[PDB]
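You are given structure tokens for the same protein chain in two forms, set apart as structure 1 and structure 2.
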Structure 1
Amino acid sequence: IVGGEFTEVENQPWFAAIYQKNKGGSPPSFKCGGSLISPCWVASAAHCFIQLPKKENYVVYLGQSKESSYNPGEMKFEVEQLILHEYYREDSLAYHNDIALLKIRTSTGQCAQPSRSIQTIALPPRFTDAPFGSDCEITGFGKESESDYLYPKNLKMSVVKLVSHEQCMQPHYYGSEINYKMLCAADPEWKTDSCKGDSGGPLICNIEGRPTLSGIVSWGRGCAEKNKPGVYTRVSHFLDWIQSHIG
């Protein structure tokens, strides 16, 4: 997450921090972002789980904010189901079908209970996306620069603009490694962008003046690199898939 603000207690309450467990009593390691799309379901990126696709390796945190008091009873979740898209594949640079679903529960078996700091995010209407050039917002704990190694301590959000496939599929962009199950987004000034460690996190667009999960941070050459937008899994083309694994 390069070049944004730090979020607060009612900014991006659907954001989910996905951590990988370490052996022993070592604290866990931050692995990916994610979005609460149902009280029991978080959507993220498959490429985040392909090395260790067993649910036992992860723990999910919700309600993150500098003004929110951590309560492990309501904000920490075990993963009782880990579903990766069955046709997830890795290409030269791009991921295909880069989407995953995590079914979550607290230590007492409950789902996420809504609050000032925890809300679900709406899925888009089928095959419906905001127009290109819309302002979408991105969020994460990822690097604040391509060159930076340090990860930030607290949640950042920024604003990018949707980029058309025609513009994105130009050779000096990404050429044929973009398909229509992806969504490109960038800063027209190329100063703000998502980065390493934002993977699986939300791309939030308005659709009918409703905040909507239009994308899942998936990939990109560099971070905030001129002529090179962030590529997102286009959620509107996966709705059947999502609602087939839930309901």
Structure 2
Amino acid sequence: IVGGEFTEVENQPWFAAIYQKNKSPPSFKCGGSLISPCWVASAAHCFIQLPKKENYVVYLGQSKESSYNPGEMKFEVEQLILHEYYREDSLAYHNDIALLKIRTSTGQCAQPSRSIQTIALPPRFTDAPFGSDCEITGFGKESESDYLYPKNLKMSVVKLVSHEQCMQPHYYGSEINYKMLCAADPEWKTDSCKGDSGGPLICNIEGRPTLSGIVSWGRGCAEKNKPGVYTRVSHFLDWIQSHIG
């Protein structure tokens, strides 16, 4: 996360830290979002290089990546579902969404606490406008040109950018379609970054913090005319419901 501030997971209690097992402690790989006690949504691109549930561990309730966190919950991936139409195209990802059914070694799903909460899926449509300032959070880089990653959780505020704006040639042109969600800072000073992918785009809709997008791609981080691009979750509601319901 570029800009914003460091924060504890109580401000992002749905945030899921997704790691890969090593042959040797696991390596942090992607963010994710708890959308029901047993299910985590994230980006399919996080799993392509090794698409086996066995090789991943999910932690809820973490403010500091790769160390123990009070109130942590460690989960195995019982089921790994990647979108059937996932695709890469040399610039960007498409259909970039994954589901992870999580379970501890003792069989449990997430137990709600101050640090572990589900986040609401978006409504089918809603009448009544909401604000287009949405939160982003994760463990990604603090600048596109940083080597090294911050280790503690950050969060920030970006604003949704219309598809029509995001498809301008100065922006991403024809690479943006109706399934994507762009978000940027009007002054280009805060953005998601490398290592934030899979994490949530939280908008406030009908009073609910709401998972509106999943970090998918973006040219650099906080670059002018280059929004962060997000999987438009609302588009996949019936995909999601038909797998987790």
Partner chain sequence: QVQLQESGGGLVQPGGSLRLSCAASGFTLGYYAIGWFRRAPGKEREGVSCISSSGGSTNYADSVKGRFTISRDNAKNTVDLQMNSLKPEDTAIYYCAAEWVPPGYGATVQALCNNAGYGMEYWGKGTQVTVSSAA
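Each residue is numbered by where it sits in the sequence of structure 1, with counting from 1. Here, rigid core means the biggest group of C-alpha atoms that superpose within 1.5 Å across both forms. Shifts are known only where both forms have a C-alpha.
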* Sort out for me whether 1 or 2 is the form deposited without the partner chain. => 2
* Asked: Among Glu74, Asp135, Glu177, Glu146, which is the residue that shifts its C-alpha 2 Å or more between the two structures, core superposed?
  -> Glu74
* To do: Superpose on the rigid core, then tell me if the C-alpha of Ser65 is displaced by 2 angstroms or more between the two structures.
  => yes
* For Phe6, what C-alpha shift in Å results between the two structures following superposition on the rigid core? -> 1.1
* To do: For a shift of 2 angstroms or more at every C-alpha, which runs of three or more consecutive residues qualify between the two structures, with the core superposed?
  => 65-74, 127-133
